[PDB]
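As written, the chains take the letters A, B, C, D, E and F, and residue 1 is the first residue of each chain.
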Amino acid sequence: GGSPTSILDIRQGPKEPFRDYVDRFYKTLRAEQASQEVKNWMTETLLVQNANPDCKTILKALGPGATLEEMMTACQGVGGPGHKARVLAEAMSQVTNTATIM
Amino acid sequence: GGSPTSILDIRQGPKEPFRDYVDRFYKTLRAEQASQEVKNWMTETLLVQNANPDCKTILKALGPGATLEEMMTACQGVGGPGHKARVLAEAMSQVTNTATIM
Amino acid sequence: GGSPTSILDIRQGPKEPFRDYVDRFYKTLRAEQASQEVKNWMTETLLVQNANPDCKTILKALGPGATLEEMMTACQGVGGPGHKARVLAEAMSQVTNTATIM
Amino acid sequence: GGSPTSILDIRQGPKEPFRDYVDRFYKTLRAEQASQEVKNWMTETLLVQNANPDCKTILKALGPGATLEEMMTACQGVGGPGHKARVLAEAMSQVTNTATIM
Amino acid sequence: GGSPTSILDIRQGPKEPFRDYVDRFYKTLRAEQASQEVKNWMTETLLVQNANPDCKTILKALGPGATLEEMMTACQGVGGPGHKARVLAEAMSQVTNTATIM
Amino acid sequence: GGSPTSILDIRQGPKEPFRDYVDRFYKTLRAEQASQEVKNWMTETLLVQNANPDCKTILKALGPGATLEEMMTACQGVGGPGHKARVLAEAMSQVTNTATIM
């Protein structure tokens, strides 16, 4: 848990899909000198807390227990027309004062 | 699916079009050591399911039976002027006047 | 009909303009092993049909019979100016005030 | 006239600035086997006809006969911040309140 | 302090996440011949000063006293889909309804 | 000034930040066969004139006489989130209600 270059800071870019970054988690997990028990624990636990709020909001929202594959399906929505069209459509409609935050 | 690399997850990014990714689906199959029955099965089932929600929403809109050409013509507009044109407006114009979601 | 790499997939992108793709048409046709007329036939039937809804919506707009020299001229602002510009301001104003679709 | 690659298709892309294309007009022409007068005619004539609507229309704003430098001074804004802060950025608010086009 | 290529200008892009830039910051902080205190000192004071105003405002916002990790985690939310979603939502309506600036 | 490639056309792109271009300005100067004074004159007079309107509107605003460090800091915001958030947000809200230009 938190091996050199692997968990202490592996981080998904704001424009970096969950795809490359998660792989950065897998391949770097291969690149670290971790025990088996060491990597499996790293994956579930850190992968979420450190990855791009677009998807981090999806890892937590899916609700824990979501199969990794499902995290991928959900994070695949990360993206412009899919995830951004909603974050731009939503954030803009809250400031449209039927529901603006004061 | 599940064959090595080719069809476990072959994914379509948000900016990667349905066009370029098709090759990712097929050309990557050229790499898996799978029977033709194994591959053609993959071309259909794993394609629509693990590829780009802008397009998937179109693969299930066109629906099954759509030749790849049908999934091609419609998903061609995936992108800003074609799809984002219809995507920004759908969420923006919905939540604002009548489709406001509480 | 499309011989290998010729008219089966010569497809334009959603970010790629009629300038780059049009070249793909002719060039990849040089790599095809087809009859002379096949190439001339290929352009009229496939090009307009399997090419990027930006240039495709322009092409129909041109009205068939517009020389390739003319299609080039027409689809030049494809890409951010001609096309992506006109497109955002329209969808935004059609669905919103009068052309609102229920 | 236009010898192969020189003036028949030297064109400025859509996202492309007058900078990169002007370099092309100035690059490909060297590759042309034209007469000294012909080339002089080529810049003033073909540079404006086939140079990017962001910046082309600019050449119309400056207007014909302007010094090439001025063509650059006014076509420097083409591209994300300068040109676009002004054109569609305005079109968003034009078609909306007073400039609504039926 | 401030050695060549190290801190005299080590600067992050407008969009560059604090990570890519920092891969520079750290790598070059290690390449300059600075005393253990000189470098360490630089990693504190300069890291916040010469870095992408998006992330810089975040840095100040977290407030000093937060672990370095927090400085970059917060800046990991710098952004296209995430940070920009929040900023775009607010700026547009700030000026429009209450925060109108004359 | 006016030596080949150095100050006649050294230009900042539209998406290119004040950093990359300034670098073109400084590096290209090394290429010109100018007197030491000649280059100094060149950095002040031209750097502000043929450099990307975002930063150019900033350079004038800072006010001449500002150190290169001052042009650098102020123009670091050139870019999307920092400079575009403000430009679009303003133009959009100026044209709309009170600052509508006839």
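Simple rule for what comes next: a residue touches a chain if its C-beta (ideal position, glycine included) is under 8 Å from a C-beta of that chain, and two chains touch if they have at least 3 such contacts.
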Smallest number of contact steps required from chain A to reach chain D: 3
Whole-Å gap separating chain C and chain D, where each centre is the average of the chain's CA atoms: 22
Centre distance in Å when chain C and chain E are each reduced to the mean of their C-alpha atoms: 43
Whole-Å gap between the CA centroids of chain D and chain E: 37
For chain B, residues contacting two or more additional chains: 15, 78, 80, 83, 88, 92
Chain-level touch network, classified as line, ring, star, complete or other: ring
Order of the ring members, counted from chain A so that chain B is second: A, B, C, D, F, E
Residues of chain D touching chain F in the complex: 17, 19, 72-73, 76-86, 89-90, 92-93, 97-98
Complex contact set, residues of chain E against chain F: 11, 13-15, 52-54, 78-80, 83-84, 87-88, 91-92, 94-96, 100-102
